[PDB]
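K.L.:
Let me begin by handing over the structure; questions about it come next.
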Amino acid sequence: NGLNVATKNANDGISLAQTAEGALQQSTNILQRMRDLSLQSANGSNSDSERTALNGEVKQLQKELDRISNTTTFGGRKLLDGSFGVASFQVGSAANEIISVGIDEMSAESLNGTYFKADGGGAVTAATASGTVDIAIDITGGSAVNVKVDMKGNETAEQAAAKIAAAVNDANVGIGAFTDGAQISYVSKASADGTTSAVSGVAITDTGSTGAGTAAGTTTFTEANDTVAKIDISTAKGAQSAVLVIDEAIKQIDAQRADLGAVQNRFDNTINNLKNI
């Protein structure tokens, strides 16, 4: 007795899981479109105006993520807004024989990523003499990556800062350097275990006594976390941070989808067993 009902319940569990998987497939594609807008905006040929327009599109996509999380439903229950929790499906003839389907919030606010930030200790100064600036980029768990810039000896502080920041970016070792006038700030990806910055320090030596000085270095990268709702690609720094947050958000949806896939197989097994009974 109860086998017909247990089988229907199981099949509803499958349908709910499929309903969630179809919604989350939409969300992943929206994040991919956001990630492409962010890579486009990071490009240094863009004016501020063009980055403002690309951010307008990202804002549309953020609203699409929130459509999906707020309207995705199975029967009378919302699946993705955080209110779902875990549904217990009664898939046996005895009381309290359950397969659970857990679905977490999947919205612009819940989706997030951790990265690391730092600011130079002070402004780059004018390079009044020609010669080399050495920058040592401290790789967490490896040695230093050493890069160089040649000052002509005529750079303003701002022009000297653009050159130092570009030497750092040209190394492509996981760190972005961004100017605001003569000041430099830094974004690094997380290390392999997610616990610290992939880059732990930036140390400048003004080897050639150019006058640029060494203040734009920093010993300290601190943990940062943004939700997908806080992403803003109207600056190159925001564009590059957004790519980092989006990779994490894609991983989070992927984990939820893999769980929903695996639960579908448990329901399949149970249905087969019930049939055999």
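We label chains A, B, ... in the order they appear in the structure tokens, count residues from 1 in each chain, and number ligands from 1 in the order shown.
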Residues near residue 128 in chain A, anyone? I mean within 9 Å using only C-alpha atoms, not counting same-chain ones fewer than 4 positions away, as a PyMOL selection string.
P.N.:
chain A and resi 151-156+209-212
K.L.:
If we count only C-alpha atoms, what is near range 229-240 of chain A at a cut-off of 6 Å, once residues fewer than 4 positions away on the same chain are taken out, given as number ranges by chain?
P.N.:
A: 38, 42, 51-52, 55, 108-109
K.L.:
Quick one: residues within 12 Å of residue 67 in chain A, only C-alpha atoms, excluding same-chain residues fewer than 2 positions away - as a list in words?
P.N.:
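Using only C-alpha atoms, the neighbours found are residues 23, 24, 26, 27, 30, 60, 61, 62, 63, 64, 65, 69, 70, 71, 72, 73, 78, 80, 81, 106, 107 and 108 of chain A.
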K.L.:
Got a sec: who's within 8 Å of residue 208 in chain A, counting only C-alpha atoms, leaving out chain neighbours fewer than 4 positions off, as number ranges by chain?
P.N.:
A: 130-133
K.L.:
Could you please write out, as an NGL selection string, every residue of range 3-157 of chain A that DSSP assigns to strand (DSSP E)?
P.N.:
:A and (73-74 or 77-78 or 85-90 or 98-103 or 112-119 or 131-139 or 144-151)
K.L.:
Do you have the CA of residue 200 in chain A-CA of residue 113 in chain A distance handy?
P.N.:
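So the answer is 18.6 Å.
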K.L.:
For range 84-92 of chain A, list every protein, DNA or RNA residue within 6 Å, evaluated using only C-alpha atoms, and leave out those in the same chain fewer than 3 positions away; present the list as a ChimeraX atom specification.
P.N.:
/A:6,10,79,97-102
K.L.:
Write the residues you've just listed into a file as a PDB file, in the first residue's frame, and include N, CA, C and O atoms for each of them.
P.N.:
```pdb
ATOM      1  N   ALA A   6       3.526   7.235  -3.326  1.00  0.00           N
ATOM      2  CA  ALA A   6       4.983   7.368  -3.182  1.00  0.00           C
ATOM      3  C   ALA A   6       5.600   7.642  -4.546  1.00  0.00           C
ATOM      4  O   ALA A   6       6.498   8.455  -4.665  1.00  0.00           O
ATOM      5  N   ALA A  10       7.557  11.086  -5.750  1.00  0.00           N
ATOM      6  CA  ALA A  10       8.865  10.975  -6.374  1.00  0.00           C
ATOM      7  C   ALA A  10       8.949  11.724  -7.705  1.00  0.00           C
ATOM      8  O   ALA A  10       9.920  12.447  -7.961  1.00  0.00           O
ATOM      9  N   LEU A  79      11.245  28.947  -5.404  1.00  0.00           N
ATOM     10  CA  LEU A  79      12.378  28.017  -5.214  1.00  0.00           C
ATOM     11  C   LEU A  79      13.700  28.671  -4.884  1.00  0.00           C
ATOM     12  O   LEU A  79      14.522  28.062  -4.216  1.00  0.00           O
ATOM     13  N   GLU A  97       9.888   8.264   5.210  1.00  0.00           N
ATOM     14  CA  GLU A  97      10.830   7.796   4.185  1.00  0.00           C
ATOM     15  C   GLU A  97      10.999   8.878   3.099  1.00  0.00           C
ATOM     16  O   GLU A  97      10.179   8.998   2.184  1.00  0.00           O
ATOM     17  N   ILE A  98      12.086   9.632   3.219  1.00  0.00           N
ATOM     18  CA  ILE A  98      12.264  10.927   2.586  1.00  0.00           C
ATOM     19  C   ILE A  98      13.472  10.948   1.661  1.00  0.00           C
ATOM     20  O   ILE A  98      14.499  10.300   1.941  1.00  0.00           O
ATOM     21  N   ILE A  99      13.310  11.645   0.539  1.00  0.00           N
ATOM     22  CA  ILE A  99      14.399  12.254  -0.201  1.00  0.00           C
ATOM     23  C   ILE A  99      14.200  13.794  -0.098  1.00  0.00           C
ATOM     24  O   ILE A  99      13.169  14.332  -0.433  1.00  0.00           O
ATOM     25  N   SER A 100      15.203  14.485   0.382  1.00  0.00           N
ATOM     26  CA  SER A 100      15.181  15.928   0.491  1.00  0.00           C
ATOM     27  C   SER A 100      15.700  16.613  -0.754  1.00  0.00           C
ATOM     28  O   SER A 100      16.693  16.156  -1.330  1.00  0.00           O
ATOM     29  N   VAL A 101      15.069  17.738  -1.121  1.00  0.00           N
ATOM     30  CA  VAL A 101      15.572  18.622  -2.180  1.00  0.00           C
ATOM     31  C   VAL A 101      15.850  19.995  -1.538  1.00  0.00           C
ATOM     32  O   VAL A 101      14.934  20.686  -1.106  1.00  0.00           O
ATOM     33  N   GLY A 102      17.122  20.351  -1.424  1.00  0.00           N
ATOM     34  CA  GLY A 102      17.507  21.615  -0.832  1.00  0.00           C
ATOM     35  C   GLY A 102      17.855  22.584  -1.949  1.00  0.00           C
ATOM     36  O   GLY A 102      18.569  22.225  -2.886  1.00  0.00           O
TER      37      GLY A 102
END
```
K.L.:
Counting only C-alpha atoms, figure out which residue out of A:66, A:41, A:252, A:82 gets nearest to residue 54 in chain A.
P.N.:
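The closest residue to residue 54 in chain A is A:41.
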K.L.:
Check the smallest atom-to-atom distance from each of A:216, A:276, A:247, A:25 to residue 180 in chain A using only C-alpha atoms, then report the winner.
P.N.:
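Nearest candidate to residue 180 in chain A out of A:216, A:276, A:247, A:25: A:216.
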K.L.:
Measuring atom to atom with only C-alpha atoms, identify which of A:119, A:5, A:83, A:74 is nearest to residue 104 in chain A.
P.N.:
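Counting only C-alpha atoms, the residue closest to residue 104 in chain A is A:83.
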K.L.:
So which bits of range 19-181 of chain A end up helix (DSSP H, G or I) when you DSSP the backbone, as a VMD selection string?
P.N.:
chain A and resid 19 to 42 48 to 71 157 to 170
K.L.:
Name the residues in contact with residue 168 in chain A at a cut-off of 10 Å, using only C-alpha atoms, excluding same-chain residues fewer than 6 positions from it; report them as a ChimeraX atom specification.
P.N.:
/A:135-137,145-149,174-178,186,202
K.L.:
Just the number, please: distance in Å from CA of residue 215 in chain A to CA of residue 115 in chain A, one decimal.
P.N.:
23.1 Å
